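Report on one structure; see the data block that follows.
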Amino acid sequence: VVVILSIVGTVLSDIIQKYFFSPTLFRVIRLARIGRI
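Position 12 (the sequence shown) corresponds to 1608 in the UniProt record's numbering; numbering is contiguous.
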């Protein structure tokens, strides 16, 4: 549910910041940082 995905959006972002650091995820991150709840 939304709760898990809140953490998902956070942990995947950690993956991004360390390893998945392609500029294309930053798109999704710009959408992720925002309170999309």
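We put the beta carbon where it would ideally sit given N, CA and C, even for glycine.
Problem - Contact check, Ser1602 vs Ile1625, beta carbons under 9 Å - result: A distance of 9 Å or more separates the beta carbons of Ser1602 and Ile1625.
Practice task
With DSSP as the reference, label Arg1623 as helix, strand or coil.
Solution key: In the three-state reduction of the DSSP assignment, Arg1623 falls in the helix class.
Problem - Alpha carbon of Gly1605 to alpha carbon of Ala1628, nearest angstrom - result: Spanning the two alpha carbons is a distance of roughly 7 Å.
Practice task
Following the continuous alpha helix (DSSP H) through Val1597, name the residue where it begins and the one where it ends.
Solution key: Here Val1597 belongs to no alpha helix (DSSP H), and DSSP marks it neither H nor E.
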